[PDB]
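Colleague:
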RNA sequence: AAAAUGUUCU
RNA sequence: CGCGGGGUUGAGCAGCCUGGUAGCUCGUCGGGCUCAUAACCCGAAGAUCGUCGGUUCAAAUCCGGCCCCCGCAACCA
RNA sequence: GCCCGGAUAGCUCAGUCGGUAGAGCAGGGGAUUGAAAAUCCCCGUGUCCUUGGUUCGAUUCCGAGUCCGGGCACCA
RNA sequence: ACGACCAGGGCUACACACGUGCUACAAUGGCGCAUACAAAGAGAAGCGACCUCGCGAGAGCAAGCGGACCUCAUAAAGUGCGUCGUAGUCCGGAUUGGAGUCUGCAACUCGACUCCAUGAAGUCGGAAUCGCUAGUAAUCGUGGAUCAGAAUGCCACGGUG
RNA sequence: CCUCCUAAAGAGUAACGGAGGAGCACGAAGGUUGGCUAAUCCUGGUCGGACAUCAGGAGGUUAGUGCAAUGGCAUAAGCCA
Ligand SMILES: [Mg+2]
Ligand SMILES: [Mg+2]
Ligand SMILES: [Mg+2]
Ligand SMILES: [Mg+2]
Ligand SMILES: [Mg+2]
Ligand SMILES: [Mg+2]
Ligand SMILES: [Mg+2]
Ligand SMILES: [Mg+2]
Ligand SMILES: [Mg+2]
Ligand SMILES: [Mg+2]
Ligand SMILES: [Mg+2]
Ligand SMILES: [Zn+2]
Ligand SMILES: [Zn+2]
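Protein chains in written order, with the entry's author numbering: chain r, 2 to 115; chain 8, 553 to 571, 594 to 651; chain E, 2 to 178; chain a, 1 to 66; chain x, 2 to 83.
Here you go:
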């Protein structure tokens, strides 16, 4: 049960199972399923090889898994290089998107030390 | 011993102490700048500013080694 | 076996064409592929080590030599003569098969793969790589694995220069970067 | 090789999705159904595509068009 | 951010100044206050001294800085540490 | 059972 | 400079006690209780174990030297 | 080899003449108090020290030894 | 000049500590489709049906209504089927990358909302501590004010209970 | 009691001379037969780091010897079976 690199859960329903792939969430999974011609309810158990192949192909059509990671990462790197406000934020480990830092930055800040 | 003591005192004093027209880069004043520590110009025999990515401009003193290197690498900054 | 067959007739010929060697013995040949799983953290438990060994065996159909510590170090908390790794020296038909598997089947299975490192040849012609996740070999069953394990593959060859070795590798497909 | 205590090493039939039937000696036991091989996996096209991405001016132009 | 129908914003004065600079090709960093302005392709190569409230931080305009606003490369707050 | 204290001048 | 003992988290003590596990009380810091500080309650951080060599797989631990301390004996004419 | 005291739950200790796990304390939770003590409930965790053997298996009962305490006696 | 005008910046900073909220940790739940039942409000530089385009935020045309008429505006919990079967999960939505939409001279600092992707912590919370006696708490939504835009806040409204 | 030096190139050789060790250990760490060759260094390579394990080259006994030191030890007296 491999698709676009990584393994997919054998028991889980396709819509959800697909979501395991980095670069597909729910909507994209659904789209993929539609493209294939498969229902959402079916599992990877009771799913044919030919059927799988089509799905895989569909997935390939999107920028997914390692490629996506490479892209996003690259963007971040570029930003950092630029030294744009966003870049600066990224470098510091502070909220990029314009949040308060006085309090509640703990995701990007990390778990508080003192 | 006395001399040593005096020296110590002086050091202490120094420590205690420690505790924008300036550089008009190219006919436009009030540009974010700073003196570089490689060689620090005051009334020096001309200066040159490297337009950095962050922290604005770094003034180098004209005929510096670092500045020369920078020029060699890329003259447009 | 297939790979070996290919080599004798094609790869060697290619090498001859490109480098202009005097003899057919002068062409680089892969001498041994030496797999290594230096488990290390098996100091806590030997079951882990055993598992690793098993995995290695599965990957490459020999049974590994459990290499012990040569000298003691307290940084990793090991003694001399502690089972602290396992190796599989492959040679001949089996080795060839393994190589084929790696190049034709297993390297394609590498996660986030954009080719190998060409700048990794030791100086004296011999290549080495290392797989992050040992699942990439289809010999391992994903349901059975308990540890995110890995190994290093090591293609030793008769090549004098690194360049020659690289060429040889290329002749056996090998994507590089 | 020392008999008995090695694993079994049969010439199985690996068969990927893109019609490359591949007979190899392994210790899986069962016949193998692969995704990708050397004659399909993108280390030629993928590389090309990844490279062709970066650009800002072009994007700007597209956005605006004059 | 700004709508695609509305067209990417640039301060008029800066646009004019930039044009002049490009026309001449004379270098010499442009004093700018309008930080709210998308950098253009024509702005690449120039140095623009973007205000940060206090001073005009000189940004050398790279090819990668285009769709960004000027103020992005001109940090207003000067924080180091606590 | 155990519960101390409240800076000065207004 | 002869004999022993010691130097460890800010303080005091354990550990050393026969190398590989840094603990106890007070203090500190952040909460809480209170009107507020105490006391009390909860959570947390803290240590190249005098220093320098050495032995070692590795030292706080064993050994040497040096630095400071505390005992001590320094006598018979 | 003279005698006699002590080896279990995390720690300190009781105990069946062949079929099982029990106290006070520590630890978890709760009840209680305005708060904290002292309560008081409740669960909890143990190859009964290891290994042969009698036998239906057996902390239980036999064969097999270290460590500390006190006394007495040997020792070229 | 401690007066006045302007541009930009700041009031949104961030080792950190406290307060008040929201969202959670899930199965009394989520997700999917079908379907029922509110009240109260607001609205002409406004509210903006229907129709078309847009996956969607929204865009285009554009009636109606100073409004028991028209609009905001399909209430949501609920109910009926299906699915997931106790997982850091189809829980959770932080975060961040990309693409966008709207407002407004202007969304970089620094708006909201959308889409796709990403999918932190968190598995009911130490000491301590607050609210509430009935249509109350709890929970579910809906409106308003200010407001170009921008509420988990505030002020109201009903549902379940 | 052992090792070095002192000790004057046989032995021996004193000092409250200068240095360190022993009061054992091992039924394999002994016997033998067969085999193997080190420390370190470079480049490379899953987590893996200055330091585990694996490739090869340099290195050539710098190591090892159950423990002190000295003298020995590749024919190895070192390390495997
Ligand atoms: Mg995903
Ligand atoms: Mg202003
Ligand atoms: Mg404020
Ligand atoms: Mg309104
Ligand atoms: Mg969800
Ligand atoms: Mg977690
Ligand atoms: Mg009342
Ligand atoms: Mg509003
Ligand atoms: Mg002599
Ligand atoms: Mg003589
Ligand atoms: Mg290395
Ligand atoms: Zn200089
Ligand atoms: Zn294939």
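Every residue, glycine too, gets a C-beta built ideally from N, C-alpha and C.
From residue 106 (chain E) to residue 9 (chain E), what does the alpha carbon distance come to, in whole angstroms?
Modeller: In the third chain, counting from the first residue as 1, residue 106 (chain E) sits at position 105. In the third chain, counting from the first residue as 1, residue 9 (chain E) sits at position 8. Approximately 22 Å, taken between the alpha carbons.
Colleague: Just list the beta strand (DSSP E) runs in the segment 13–43 of chain E, keeping only unbroken ones of 3 residues or longer that don't cross its boundaries, in chain order.
Modeller: Qualifying beta strand (DSSP E) stretches, in chain order: 31–38.
Colleague: In whole angstroms, what is the alpha-carbon distance linking residue 102 (chain r) and residue 114 (chain r)?
Modeller: As a first step, residue 102 (chain r) is located in the first chain; it is residue number 101 there, counting from the start. As a first step, residue 114 (chain r) is located in the first chain; it is residue number 113 there, counting from the start. About 15 Å.
Colleague: Any beta-carbon of chain a closer than 9 Å to the one on residue 133 (chain E)?
Modeller: The count along the third chain starts at 1 and reaches residue 133 (chain E) at position 132. Not one chain a Cβ lies under 9 Å of residue 133 (chain E).
Colleague: Counting only runs that start and end within the segment 101–172 of chain E, where is the beta strand (DSSP E) found for 3 or more residues in a row?
Modeller: 128–132 and 152–158
Colleague: Are the segment 601–608 of chain 8 and the segment 617–633 of chain 8 touching by the rule of at least three beta carbon pairs closer than 8 Å?
Modeller: yes
Colleague: Based on the DSSP secondary-structure assignment, which residues constitute the bridge partners of residue 650 (chain 8)?
Modeller: Residue 650 (chain 8) sits at position 76 when you count from the first residue of the second chain. DSSP output for residue 650 (chain 8) lists no bridge partner at all.
Colleague: Which residues does DSSP list as the beta-bridge partners of residue 623 (chain 8)?
Modeller: The residue you call residue 623 (chain 8) lines up with position 49 of the second chain. Its beta-bridge partners are 633 (chain 8).
Colleague: Can you round the beta-carbon distance between residue 5 (chain r) and residue 40 (chain r) to whole angstroms, since I take them to be within the 8 Å contact cut?
Modeller: By one-based count along the first chain, residue 5 (chain r) stands at place 4. By one-based count along the first chain, residue 40 (chain r) stands at place 39. Not quite, the Cβ-Cβ distance comes to about 21 Å (not below 8 Å), so this is no contact.
Colleague: Would you tell me roughly how many angstroms separate the C-alpha atoms of residue 116 (chain r) and residue 82 (chain r), rounded to the nearest one?
Modeller: Shown here, chain r extends from 2 to 115; a query on residue 116 (chain r) therefore has no answer.
Colleague: Using Cβ-Cβ distances below 7 Å, what residues of the segment 621–643 of chain 8 are close to chain x?
Modeller: 625, 630 and 631
Colleague: With residue 57 (chain x) as the anchor, note down where its beta strand (DSSP E) starts and where it stops.
Modeller: Taking the fifth chain and counting its residues from 1, one reaches residue 57 (chain x) at position 56. 57–61 is the span of the beta strand (DSSP E), which, as asked, contains residue 57 (chain x).
Colleague: Give a yes or no on whether 9 Å exceeds the smallest Cβ distance from residue 106 (chain x) to chain a.
Modeller: Coverage of chain x is limited to positions 2 through 83, which leaves residue 106 (chain x) absent and any answer about it impossible.
Colleague: What runs of the alpha helix (DSSP H), each 4 residues or longer, lie entirely inside the segment 14–92 of chain r?
Modeller: 15–20, 27–37, 50–62 and 67–83
Colleague: Note down the Cα distance separating residue 79 (chain x) from residue 557 (chain 8), rounded to an integer number of angstroms.
Modeller: In the fifth chain, the residue the question calls residue 79 (chain x) occupies position 78. In the second chain, the residue the question calls residue 557 (chain 8) occupies position 5. Going by the C-alpha atoms only, they are around 41 Å apart.
Colleague: Taking the alpha helix (DSSP H) that residue 5 (chain E) falls in, what are its first and last residues?
Modeller: Indexing the third chain from 1 puts residue 5 (chain E) at position 4. Here the alpha helix (DSSP H) through residue 5 (chain E) covers 3–7.
Colleague: Is there a C-beta anywhere in chain r that falls below 9 Å from the one on residue 46 (chain a)?
Modeller: Taking the first residue of the fourth chain as position 1, residue 46 (chain a) is located at position 46. Residue 46 (chain a) counts as touching chain r.
Colleague: Report the rounded CA-to-CA distance for residue 137 (chain E) versus residue 36 (chain a), giving the unit in angstroms.
Modeller: To locate residue 137 (chain E), count along the third chain from 1; it is residue 136. To locate residue 36 (chain a), count along the fourth chain from 1; it is residue 36. Spanning the two alpha carbons is a distance of roughly 11 Å.
Colleague: Please report the straight-line C-alpha distance between residue 63 (chain E) and residue 102 (chain E), rounded to a whole angstrom.
Modeller: One-based indexing of the third chain puts residue 63 (chain E) at position 62. One-based indexing of the third chain puts residue 102 (chain E) at position 101. Straight-line Cα distance between these residues: approximately 14 Å.
Colleague: Does the beta-carbon of residue 22 (chain r), which I'm using as the reference point, lie nearer than 8 Å to any heavy atom of ligand 1?
Modeller: Here residue 22 (chain r) refers to the residue found at position 21 when the first chain is read from its first residue. Because some heavy atom of ligand 1 lies under 8 Å away, the Cβ of residue 22 (chain r) counts as near it: yes.
Colleague: Can you look up residue 3 (chain r) in the DSSP assignment and give me helix, strand or coil?
Modeller: Taking the first chain and counting its residues from 1, one reaches residue 3 (chain r) at position 2. Looking at residue 3 (chain r) - three-state DSSP - the assignment turns out to be strand.
Colleague: Taking buried to mean at least 16 other C-beta atoms within 10 Å of its own C-beta, is residue 30 (chain r) buried or exposed?
Modeller: The residue given as residue 30 (chain r) occupies position 29 in the first chain. When all chains shown are included, residue 30 (chain r) counts as buried.
Colleague: Starting from residue 91 (chain E), follow its DSSP beta bridges and name the residues at the other end.
Modeller: Taking the third chain and counting its residues from 1, one reaches residue 91 (chain E) at position 90. DSSP, once it has assigned bridges, lists 34 (chain E) as partnering residue 91 (chain E).
Colleague: Output needed for residue 107 (chain r): all residues of its chain with C-beta closer than 8 Å, excluding positions within five of it in sequence on either side, in chain order.
Modeller: The residue given as residue 107 (chain r) occupies position 106 in the first chain. Only 113 meet the Cβ criterion.
Colleague: So with CB distances below 7 Å, who are the chain x contacts of residue 84 (chain r)?
Modeller: Counted from its first residue, the first chain places residue 84 (chain r) at position 83. Near residue 84 (chain r) (Cβ distances below 7 Å), the residues of chain x are 74.
Colleague: Taking beta-carbon pairs under 7 Å, can you tell me which members of the segment 132–166 of chain E lie near chain r?
Modeller: Residues of the segment 132–166 of chain E with a Cβ closer than 7 Å to any Cβ of chain r, in chain order: 143.
Colleague: Mind checking if residue 33 (chain r) is an interface residue toward chain a, Cβ cutoff 9 Å exclusive?
Modeller: Within the first chain, residue 33 (chain r) is the residue found at index 32, counting from 1. Residue 33 (chain r) does not count as touching chain a.
Colleague: Would you decide whether residue 64 (chain a) is buried or exposed? Buried here means 16 or more other CB atoms lie within 10 Å of its CB.
Modeller: Residue numbering aside, residue 64 (chain a) sits at position 64 when the fourth chain is read from its first letter. When all chains shown are included, residue 64 (chain a) counts as exposed.
Colleague: On the DSSP letters alone, give me the boundaries of the beta strand (DSSP E) that residue 48 (chain x) sits inside.
Modeller: If you number the fifth chain from 1, residue 48 (chain x) lands on position 47. Here the beta strand (DSSP E) through residue 48 (chain x) covers 48–52.
Colleague: Is there a Cβ from chain x that is less than 9 Å from the Cβ of residue 51 (chain a)?
Modeller: Position 51 of the fourth chain, counting from 1, holds the residue named residue 51 (chain a). Chain x, which has no Cβ nearer than 9 Å to the Cβ of residue 51 (chain a), makes this no.
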